[PDB]
Amino acid sequence: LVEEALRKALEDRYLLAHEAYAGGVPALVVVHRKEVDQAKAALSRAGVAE
Amino acid sequence: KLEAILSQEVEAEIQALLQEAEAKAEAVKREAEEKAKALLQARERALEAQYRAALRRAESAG
């Protein structure tokens, strides 16, 4: 869900990476500076937060 | 792609800054020409003065 939301919000110039740990995934989204608000807004709409 | 964004945040600053510093390197140099010219404008009047005074003195003296 998170990937979809970010992808529509942030086009294809965002980087979504994840690495496991035994159970879920801690994920990191890497975005350009000044694209911070938009990036955040996308997480907030899914219900995921920082 | 994502590396093409990165080259555009830089490529923008490095023309803003280098356009600004080629107009200070213009500006100092414009004032430097306008000063040397004026320090010789005052030199031009001075010499004249000294010659107009000088000749009048020699006329009176004689």
# chains A, B, ... in the order shown; residues from 1 in each chain; ligands from 1
$ closest_atom_pairs --of "chain B" --to "chain A" --cutoff "8 Å" --atoms "only C-alpha atoms" --output "JSON lines"
{"residue": "B:1", "atom": "CA", "partner": "A:13", "partner_atom": "CA", "distance": 5.7}
{"residue": "B:2", "atom": "CA", "partner": "A:13", "partner_atom": "CA", "distance": 4.5}
{"residue": "B:5", "atom": "CA", "partner": "A:13", "partner_atom": "CA", "distance": 7.4}
{"residue": "B:6", "atom": "CA", "partner": "A:32", "partner_atom": "CA", "distance": 7.9}
$ write_last_selection --atoms "C-alpha atoms" --output "compact mmCIF listing (two decimals), in the first residue's frame"
# COMPACT_ATOMS: atom_id res chain seq x y z
CA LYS B 1 15.81 8.68 -13.36
CA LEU B 2 16.85 9.69 -9.77
CA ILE B 5 17.27 15.06 -10.28
CA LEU B 6 20.60 15.30 -8.32
$ residues_around --residues "residue 17 (chain A)" --least-positions-apart "5" --cutoff "9 Å" --atoms "only C-alpha atoms" --output "PyMOL selection string"
chain A and resi 26-30
$ atom_distance --atom1 "CA of residue 3 (chain A)" --atom2 "CA of residue 43 (chain A)"
9.5 Å
$ atom_distance --atom1 "CA of residue 19 (chain B)" --atom2 "CA of residue 4 (chain B)"
23.1 Å
$ select_by_dssp --residues "chain A" --states "alpha helix (DSSP H)" --output "ChimeraX atom specification"
/A:2-10,36-46
$ write_last_selection --atoms "N, CA and C atoms" --output "mmCIF file, in the first residue's frame"
data_model
loop_
_atom_site.group_PDB
_atom_site.id
_atom_site.type_symbol
_atom_site.label_atom_id
_atom_site.label_comp_id
_atom_site.auth_asym_id
_atom_site.auth_seq_id
_atom_site.Cartn_x
_atom_site.Cartn_y
_atom_site.Cartn_z
ATOM 1 N N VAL A 2 1.906 1.209 0.783
ATOM 2 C CA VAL A 2 2.821 2.251 1.043
ATOM 3 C C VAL A 2 3.585 2.672 -0.177
ATOM 4 N N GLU A 3 4.130 1.663 -0.931
ATOM 5 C CA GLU A 3 4.766 1.728 -2.234
ATOM 6 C C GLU A 3 3.886 2.350 -3.265
ATOM 7 N N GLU A 4 2.549 1.981 -3.363
ATOM 8 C CA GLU A 4 1.659 2.526 -4.329
ATOM 9 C C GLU A 4 1.546 4.003 -4.061
ATOM 10 N N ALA A 5 1.294 4.321 -2.754
ATOM 11 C CA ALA A 5 0.989 5.679 -2.312
ATOM 12 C C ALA A 5 2.062 6.576 -2.567
ATOM 13 N N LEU A 6 3.361 6.185 -2.270
ATOM 14 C CA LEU A 6 4.525 6.881 -2.535
ATOM 15 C C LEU A 6 4.759 7.025 -3.964
ATOM 16 N N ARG A 7 4.539 5.990 -4.794
ATOM 17 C CA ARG A 7 4.782 6.061 -6.216
ATOM 18 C C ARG A 7 3.924 7.059 -6.982
ATOM 19 N N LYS A 8 2.633 7.085 -6.671
ATOM 20 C CA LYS A 8 1.776 8.100 -7.256
ATOM 21 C C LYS A 8 2.114 9.484 -6.785
ATOM 22 N N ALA A 9 2.417 9.664 -5.477
ATOM 23 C CA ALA A 9 2.727 10.934 -4.924
ATOM 24 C C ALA A 9 4.013 11.545 -5.399
ATOM 25 N N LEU A 10 5.052 10.687 -5.601
ATOM 26 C CA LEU A 10 6.439 11.008 -5.726
ATOM 27 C C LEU A 10 7.009 10.549 -7.068
ATOM 28 N N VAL A 36 10.291 16.726 0.805
ATOM 29 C CA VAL A 36 10.062 16.199 2.111
ATOM 30 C C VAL A 36 8.579 16.160 2.535
ATOM 31 N N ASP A 37 7.871 17.261 2.221
ATOM 32 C CA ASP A 37 6.460 17.458 2.636
ATOM 33 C C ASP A 37 5.502 16.552 2.010
ATOM 34 N N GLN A 38 5.761 16.364 0.704
ATOM 35 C CA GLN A 38 5.083 15.488 -0.214
ATOM 36 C C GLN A 38 5.251 14.066 0.142
ATOM 37 N N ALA A 39 6.532 13.709 0.480
ATOM 38 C CA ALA A 39 6.936 12.382 0.921
ATOM 39 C C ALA A 39 6.226 11.921 2.172
ATOM 40 N N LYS A 40 6.161 12.835 3.112
ATOM 41 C CA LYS A 40 5.458 12.701 4.431
ATOM 42 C C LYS A 40 3.995 12.491 4.446
ATOM 43 N N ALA A 41 3.333 13.316 3.599
ATOM 44 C CA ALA A 41 1.917 13.382 3.193
ATOM 45 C C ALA A 41 1.494 12.088 2.645
ATOM 46 N N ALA A 42 2.367 11.445 1.802
ATOM 47 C CA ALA A 42 2.116 10.116 1.299
ATOM 48 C C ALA A 42 2.063 8.962 2.302
ATOM 49 N N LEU A 43 3.014 9.006 3.345
ATOM 50 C CA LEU A 43 2.958 8.154 4.478
ATOM 51 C C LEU A 43 1.839 8.378 5.361
ATOM 52 N N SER A 44 1.484 9.586 5.649
ATOM 53 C CA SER A 44 0.353 9.962 6.471
ATOM 54 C C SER A 44 -1.002 9.490 5.931
ATOM 55 N N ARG A 45 -1.254 9.545 4.613
ATOM 56 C CA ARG A 45 -2.491 9.024 3.986
ATOM 57 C C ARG A 45 -2.683 7.582 4.113
ATOM 58 N N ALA A 46 -1.638 6.715 4.017
ATOM 59 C CA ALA A 46 -1.697 5.295 4.333
ATOM 60 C C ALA A 46 -1.899 5.022 5.788
#
$ atom_distance --atom1 "CA of residue 35 (chain A)" --atom2 "CA of residue 15 (chain B)"
22.4 Å
$ decode --residues "region 27-54 of chain B" --atoms "N, CA, C and O atoms" --output "short mmCIF file (atom, residue, chain, number, x, y, z; two decimals), in the first residue's frame"
data_model
loop_
_atom_site.label_atom_id
_atom_site.label_comp_id
_atom_site.auth_asym_id
_atom_site.auth_seq_id
_atom_site.Cartn_x
_atom_site.Cartn_y
_atom_site.Cartn_z
N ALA B 27 32.39 44.79 -11.81
CA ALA B 27 32.16 45.99 -11.03
C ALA B 27 33.26 46.69 -10.39
O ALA B 27 33.27 47.91 -10.40
N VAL B 28 34.18 45.91 -9.81
CA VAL B 28 35.44 46.43 -9.22
C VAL B 28 36.29 47.03 -10.31
O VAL B 28 37.07 47.98 -10.14
N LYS B 29 36.32 46.38 -11.49
CA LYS B 29 37.12 46.69 -12.56
C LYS B 29 36.61 47.93 -13.28
O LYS B 29 37.39 48.71 -13.78
N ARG B 30 35.30 48.19 -13.31
CA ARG B 30 34.62 49.42 -13.83
C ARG B 30 34.90 50.65 -12.97
O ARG B 30 35.34 51.65 -13.57
N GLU B 31 34.75 50.50 -11.65
CA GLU B 31 35.18 51.56 -10.70
C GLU B 31 36.68 51.85 -10.73
O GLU B 31 37.11 52.93 -10.32
N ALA B 32 37.57 50.83 -11.06
CA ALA B 32 39.00 50.98 -11.06
C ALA B 32 39.46 51.91 -12.26
O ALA B 32 40.36 52.78 -12.11
N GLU B 33 38.77 51.77 -13.42
CA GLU B 33 38.91 52.61 -14.58
C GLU B 33 38.38 53.99 -14.42
O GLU B 33 39.10 54.92 -14.72
N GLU B 34 37.15 54.14 -13.85
CA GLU B 34 36.60 55.40 -13.53
C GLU B 34 37.39 56.11 -12.42
O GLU B 34 37.27 57.33 -12.30
N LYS B 35 38.16 55.46 -11.49
CA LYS B 35 38.99 56.21 -10.52
C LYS B 35 40.25 56.77 -11.18
O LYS B 35 40.58 57.92 -10.98
N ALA B 36 41.00 55.92 -11.89
CA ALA B 36 42.33 56.28 -12.50
C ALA B 36 42.15 57.45 -13.43
O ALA B 36 43.00 58.41 -13.44
N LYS B 37 41.07 57.40 -14.26
CA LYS B 37 40.63 58.49 -15.16
C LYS B 37 40.46 59.73 -14.30
O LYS B 37 41.03 60.75 -14.63
N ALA B 38 39.70 59.78 -13.12
CA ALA B 38 39.46 60.92 -12.34
C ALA B 38 40.63 61.48 -11.56
O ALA B 38 40.72 62.69 -11.34
N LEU B 39 41.66 60.66 -11.20
CA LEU B 39 42.87 61.05 -10.53
C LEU B 39 43.77 61.66 -11.51
O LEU B 39 44.80 62.21 -11.16
N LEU B 40 43.43 61.58 -12.84
CA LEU B 40 44.22 62.21 -13.84
C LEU B 40 43.51 63.48 -14.40
O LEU B 40 44.14 64.29 -15.08
N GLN B 41 42.18 63.62 -14.11
CA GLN B 41 41.41 64.72 -14.42
C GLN B 41 41.75 65.85 -13.51
O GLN B 41 41.75 67.05 -13.86
N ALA B 42 42.02 65.61 -12.20
CA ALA B 42 42.45 66.54 -11.25
C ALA B 42 43.93 66.91 -11.51
O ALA B 42 44.23 68.07 -11.30
N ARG B 43 44.80 66.00 -11.97
CA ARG B 43 46.12 66.21 -12.34
C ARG B 43 46.14 67.18 -13.56
O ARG B 43 46.92 68.15 -13.54
N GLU B 44 45.32 66.99 -14.58
CA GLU B 44 45.15 67.87 -15.76
C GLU B 44 44.82 69.33 -15.36
O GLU B 44 45.55 70.21 -15.82
N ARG B 45 43.81 69.53 -14.46
CA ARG B 45 43.53 70.89 -14.06
C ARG B 45 44.67 71.59 -13.34
O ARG B 45 44.89 72.78 -13.53
N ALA B 46 45.34 70.83 -12.49
CA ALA B 46 46.39 71.37 -11.65
C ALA B 46 47.57 71.98 -12.43
O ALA B 46 48.06 73.07 -12.11
N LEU B 47 48.02 71.29 -13.46
CA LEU B 47 49.10 71.65 -14.30
C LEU B 47 48.81 72.96 -15.04
O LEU B 47 49.72 73.78 -15.27
N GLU B 48 47.54 73.10 -15.53
CA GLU B 48 47.02 74.22 -16.24
C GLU B 48 47.13 75.43 -15.40
O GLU B 48 47.70 76.45 -15.81
N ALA B 49 46.62 75.41 -14.18
CA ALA B 49 46.58 76.40 -13.12
C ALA B 49 47.93 77.01 -12.98
O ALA B 49 48.13 78.22 -12.97
N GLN B 50 48.96 76.05 -12.80
CA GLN B 50 50.34 76.34 -12.58
C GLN B 50 51.08 77.01 -13.64
O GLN B 50 52.30 77.24 -13.47
N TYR B 51 50.36 77.17 -14.81
CA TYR B 51 51.03 77.60 -16.03
C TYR B 51 50.43 78.99 -16.23
O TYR B 51 51.10 79.97 -16.59
N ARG B 52 49.06 79.17 -16.02
CA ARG B 52 48.32 80.38 -16.11
C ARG B 52 48.84 81.40 -15.07
O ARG B 52 48.98 82.59 -15.36
N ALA B 53 49.21 80.94 -13.84
CA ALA B 53 49.79 81.64 -12.64
C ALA B 53 51.17 82.02 -12.87
O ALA B 53 51.57 83.16 -12.55
N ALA B 54 51.87 81.07 -13.49
CA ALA B 54 53.30 81.18 -13.74
C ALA B 54 53.62 82.32 -14.69
O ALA B 54 54.58 83.07 -14.57
#
